[PDB]
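Structure assessment
One-letter residues, chain by chain:
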Amino acid sequence: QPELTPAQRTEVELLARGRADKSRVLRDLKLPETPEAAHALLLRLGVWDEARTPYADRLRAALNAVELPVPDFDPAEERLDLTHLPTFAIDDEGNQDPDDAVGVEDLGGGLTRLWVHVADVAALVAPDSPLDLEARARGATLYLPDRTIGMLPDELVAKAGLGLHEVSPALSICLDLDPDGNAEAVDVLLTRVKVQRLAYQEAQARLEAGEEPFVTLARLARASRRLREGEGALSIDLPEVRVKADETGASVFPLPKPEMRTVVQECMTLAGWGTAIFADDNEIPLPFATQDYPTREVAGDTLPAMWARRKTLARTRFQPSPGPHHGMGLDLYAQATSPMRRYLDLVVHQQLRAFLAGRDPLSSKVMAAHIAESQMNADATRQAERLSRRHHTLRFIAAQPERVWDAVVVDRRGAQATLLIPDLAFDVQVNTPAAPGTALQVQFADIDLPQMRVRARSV
C-alpha cells in the first residue's frame, strides 16, 4: 500500500543491508528499525523479490570478483612431465573450478604410487602480492546458491584449473603405498599433466565396470581409511544437499555420494597427510591442522549418532608445527588440495613452492599471523554461505506448501525434539515424543524469509 520515493527506497535498502541503523520511513510506518523489518517491507512493497539475499552484505563479505591482473606460468620452469599418465579430476556436477586430479602407477612388488595433482596456484600468487593480500582478505571463495565469488580472479581459475586445457601445470604429491596402506615414500614436485574431468557418478560407473585407475584408487582408499579407523578416526557423514538458484527459482536436491566420492576424499586426505610429512622432514612451517580428542565417545553410525559425534568434535587449530588430529586418526596433517578456494591451502603451496627450490618459506611467526588474519575472514565468508543456503532452502520449502518431508529425530531436549529432513539437510525444532532415531513425516508451517524461521507440524 505505501509508496516510497526512490530516495526513501534506498534508505530502507541501506538499513536492510546493515549499512545503516535507522530509517525515518520505517519509523513513520511504525515498524521496527531493523535490517529484518526493512527487508520485509522491501519484499512487501515489491522493491525486492525473494531471490535477493543481504547476508554477504551484512557480514561484509566481498561480492565482487577479484579484479587484479594474474601473471602467466613461467614456461622456462622445470617440471616433471606426467602427461602420458591417465589422470582424472573427479568432482560434483556443476562445479567449474577443478582444483585437483588423481592418478596411479604400478611400481611392482605390489607397490603402488598414488598421484594427487593440485592447481599450481602458488606459481601465480607469491606471498605478499596483491593477489595474496586480497585472497587473505576473503579467506575463501564464497559459494552462494546463485553465484560464485572466487577468492581469486576468474582468469586465474581459467588458466590454473586442472583439465581446462589439453595440458596443465600442477604441484603434485605422490605416495608409494604397499598393499597394507603403508607409505614408503612421499614426494612433492612441480609437474605437467593432462587431466580428464568426470563427475563422481561417472567415475562410479567406471569403477563398477572395473576400469583403472578407478579400481586401484578404490583399493588404496579402502586401505587408508581402515588405518585411520584403527587410530580412532570417526565418521561424521550426514546427508548433504545442493542448493541452487536462478530466475526459475530455488532448488534443493540431495547430493549423490557414490563410493568413488569417498575415494577421492581419502585421496585428498592422503595428499594432505603426505604433505604434512614432507614438510616435517624438511622443516618447512605449515598451517598444520591439529585437533584434540572429542568431548566424549559416541557409538554407532545412525544419524542420531553422527549428529552427536559432530557436536562433540574438538576444535581444529592451525599451527606452524605439526600435531595429531584425532578426528582423523593422523599424527600430522595439512590441507593442501584446495589452494584455489581456501586460503590456508594456498599458503601450504606458497610454503612448499618456496622450499621447492628457492628462498626461505615464512617463519612460524608470520605464519601464525596469516592464519589468524585469514580465518576471521573465512569465518565471515562461510557464515554468509550458510545464511544464504538457508534463505534459498526456505524458498524451496515455501514453493511446496502441501508437500510432506521425511525426517528422523536426531537429538532432543525436553518435550522438544530436533529432527532432520535428510532431503533438505535441514533441521527444525518440534515438540513430540519420538525417540532419537524415530522417523516421522513433517509439514512446514509458514515461512518467514526476513527472520528466516520456520515451524513444523508432525503430519
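Residues numbered from 1 in each chain as written, not as in the entry; some residues may be left out. Heavy atoms only, no water.

Its PDB header attributes the entry to X-ray crystallography and lists the resolution as 2.70 Å.

Moving on, we come to the overall build of the protein. Within the protein, the regular secondary structure consists of twelve helices and 18 strands. For 459 residues, the compact-globule estimate of 2.2 N^0.38 gives 23 Å, and the protein sits close to it at 24 Å. Counting only C-alpha atoms, the protein reaches 75 × 50 × 40 Å along its principal axes. A total of 459 residues make up the protein; the buried ones form 50% of that total. (Helix = DSSP H or I, 4+ residues; strand = E, 2+ residues; numbered from the N terminus. Rg over C-alpha atoms; globule rule 2.2 N^0.38 Å. Buried < 20%, exposed > 50% of the residue type's maximum accessible area, 1.4 Å probe, protein only.)

Ranked by internal contacts, the top residues of the largest apolar core, which has 41 residues, are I90, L114, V116, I173, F214, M260 and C267. If you list the elements that add at least two residues to this core, you get β2 (87-91), β4 (111-118), β7 (168-177), β8 (183-193), α7 (200-208), α8 (214-230), α9 (259-281) and α11 (343-355). For this core, the element with the most residues is α9, which contributes ten residues. In contact with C267, other than residues within four places in its own chain, are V102, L114, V116 and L217. Residues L4, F396, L419 and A434 belong to the second largest nonpolar core, which totals 37 residues. (Core = buried A, V, L, I, M, F, W, Y, C linked by side-chain atoms within 4.5 Å. Contact = heavy atoms within 4.5 Å.)

With that settled, consider the domain arrangement of the protein. Considered domain by domain, the protein is made up of domain 1 (1-60), domain 2 (78-237 + 259-327 + 329-401), domain 3 (238-258) and domain 4 (402-459). Between the C-alpha centres of domain 1 and domain 4 there is a distance of 30 Å. Between domain 1 and domain 4, the contact holds six residues from the first and four residues from the second. Across the domain 1/domain 4 interface, buried area totals approximately 440 Å², and carbon plus sulfur atoms make up 70% of it. For the interface between domain 1 and domain 4, the tally reads zero salt bridges. (Domains from an automatic or database assignment. Buried area = accessible area lost by both parts, 1.4 Å probe. Salt bridge = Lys/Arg side-chain N within 4 Å of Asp/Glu carboxyl O.)

This part covers unusual backbone geometry. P213 follows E212 through a cis peptide bond whose omega is 0°. Tracing the sequence through the fold places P213 in the loop between α7 and α8. Phi angles above zero are rare outside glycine, and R60 is one such case at about 60°. Locating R60 in the fold gives a position in the loop between α4 (55-58) and β1 (80-81). Despite not being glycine, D446 has its phi angle at roughly 75°, a positive value.

Time to look at the pattern of salt bridges. Under the counting rule described, the total for this entry stands at 25 salt bridges. Here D28 makes a salt bridge to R24, at a shortest N to O gap of 4.0 Å. On the criterion of helical spacing, the pair formed by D28 and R24 is a turn pair, its members being four residues apart in helix α2 (residues 24-28). As far as the burial class goes, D28 and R24 line up, both exposed. Note that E240 is salt-bridged to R261, the shortest N-O span being 3.8 Å. Note that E240 is positioned in the loop between α8 and β10 (241-246) and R261 in helix α9, a separation of 21 residues in sequence. Given a relative accessible area of 10%, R261 falls into the buried group.

Between α7 and α9, the least distance of the axes is 8 Å, while the angle of their chain directions is 105°. Classified by the angle between their axes, α7 and α9 sit roughly perpendicular to one another. Contact residues: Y200, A203, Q204 and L207 in α7; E259, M260, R261 and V264 in α9. Here the contact of α7 with α9 is composed, by residue class, of five nonpolar, one polar and two charged. (Axes fitted to C-alpha atoms, helices over the stretch in contact; angles between N-to-C directions. Parallel < 35°, antiparallel > 145°, perpendicular 65-115°, else oblique. Nonpolar A, V, L, I, M, F, W, Y, C, P; charged D, E, K, R; others polar.)

Let's shift gears to the sheet that holds strand β18 (residues 453-457). Sheet strands line up and pair through hydrogen bonds in the backbone, either parallel or antiparallel. Strand order across the open sheet formed by five strands is β16-β15-β14-β17-β18, with antiparallel pairing between neighbours. Sheet topology places β16 (426-431) and β18 at the edges, where each strand pairs with a single neighbour. Direction aside, neighbouring strands of the sheet carry axes that sit 50° apart on average. Pairing geometry for strand β17 (residues 439-448) and β18, over four bridges, is antiparallel. Paired with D448 across the strands is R453, a residue of β18. (Pairing = 2+ DSSP bridges.)

The residues that UniProt annotates with the feature "binding site: Mg(2+)" (unreviewed entry) are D91 and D100. Along the chain, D91 falls in strand β2. Residues within four places of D91 in sequence aside, it is in contact with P98, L198, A199 and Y200. Assignment of secondary structure puts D100 in strand β3 (residues 100-108). Contact partners of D100, with chain neighbours within four places excluded, come to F88, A89, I90, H117, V118, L162, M268 and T337. (UniProt positions renumbered as here; feature names shortened; annotations may be inferred.)

Before going further, it helps to spend a moment on the UniProt feature "domain: RNB" (unreviewed entry) in the protein. Feature annotation in UniProt assigns "domain: RNB" (unreviewed entry) to the following positions: residues 79-358. Across residues 79-358 one finds 31% helix and 27% strand; the C-alpha atoms that close the span lie 15 Å apart.

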